[PDB]
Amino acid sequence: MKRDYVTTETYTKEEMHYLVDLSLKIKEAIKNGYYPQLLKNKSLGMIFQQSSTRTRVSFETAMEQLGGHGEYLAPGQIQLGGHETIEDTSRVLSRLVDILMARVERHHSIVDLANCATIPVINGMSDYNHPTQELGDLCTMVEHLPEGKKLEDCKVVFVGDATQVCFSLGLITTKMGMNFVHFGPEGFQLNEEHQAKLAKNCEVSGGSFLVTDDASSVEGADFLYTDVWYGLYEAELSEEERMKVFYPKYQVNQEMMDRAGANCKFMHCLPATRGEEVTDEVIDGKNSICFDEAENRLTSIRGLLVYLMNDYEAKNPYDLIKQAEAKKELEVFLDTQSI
């Protein structure tokens, strides 16, 4: 048996709080130079169907820091998607690595990969959600809480396009009982199916959500978050197309930051298009935390990797008697046996 991390929908608020604490404890060790070897000799498979800096580097660095190794599987290097099915790739890699992640074009690909694998599977971003981004962002919001405010009393406003990141931020904030607002133009807002999911989260947590094109909605924001305008990796919008849709109403500039509040923090998942969704002045300003946010991609990924491997080991414990016997048997073989 095993557990996956495909969506935060299968995790309670309490479970996410455990993941934040675990991640932050590991972070404090490493920043002071103790590298806990919690994943010693473990191997991670890393399937990427799209380009990536933060997610990919975070997984490779995490494995090394914890005593294991991440294997990068680019497009064209593996047979998946043409000569081999998703179910076969899954069953095979279950025999070859200890834990698996994938960034996929279509959400169904990660669902199938997780369902057919006998080892833990992590979603590195699909067209539907970005759950490792969720934990990273939450870690970041915990570290940058406004003075005298609790997490659930905070207002988080996503500005612009209804990307997978926009939805994910909605899912995590509402899960933790916070107040979420998506400020976006008509035709590019979170849809009815998205909103019913936020509604289900809010009944349990006591949080709230709004989806609107009202410019005043930013007022009182403690966190202001944005993403790129050019859409999905495989079907980008042209510069001219996205400008007509979002510019200038949805550009996070200094006057918008001032409209939200003097203490409001700027967040972005990155990469950013400077001059489009955000100005140089904001992203490089004193209230930008999007570089601490990028650091926290690594923070959250270490905690998840450690939690899921701990979970797997508890469900599939090693036999220590058989372990010592096998060790002894290999050592005798190497001592006495020649080719």
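Residue numbers here begin at 1 and follow the sequence given.
As listed in the deposited structure, the average C-alpha B-factor of 212-220 and of 108-116 is greater for 212-220. Checked against the record, the higher mean CA B factor of 150-158 and 69-77 lies with 69-77. Taking only the listed residues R242, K175, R103, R95, the entry reports the highest CA temperature factor at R242. For the set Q254, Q133, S90, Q164, the PDB entry puts the maximum C-alpha B factor at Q254. Annotation for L169: CA B-factor lies in the lowest third of the chain's modelled residues. Ranked against the other modelled residues of its chain, the C-alpha B-factor of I339 as given in the entry falls in the highest third.
In the deposited entry, the Cα temperature factor of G45 places it in the lowest third of its chain's modelled residues. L237: CA B factor in the highest third of modelled residues in this chain (values from the PDB entry).
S58 sits in the lowest third of its chain by CA B factor, as recorded in the PDB entry.
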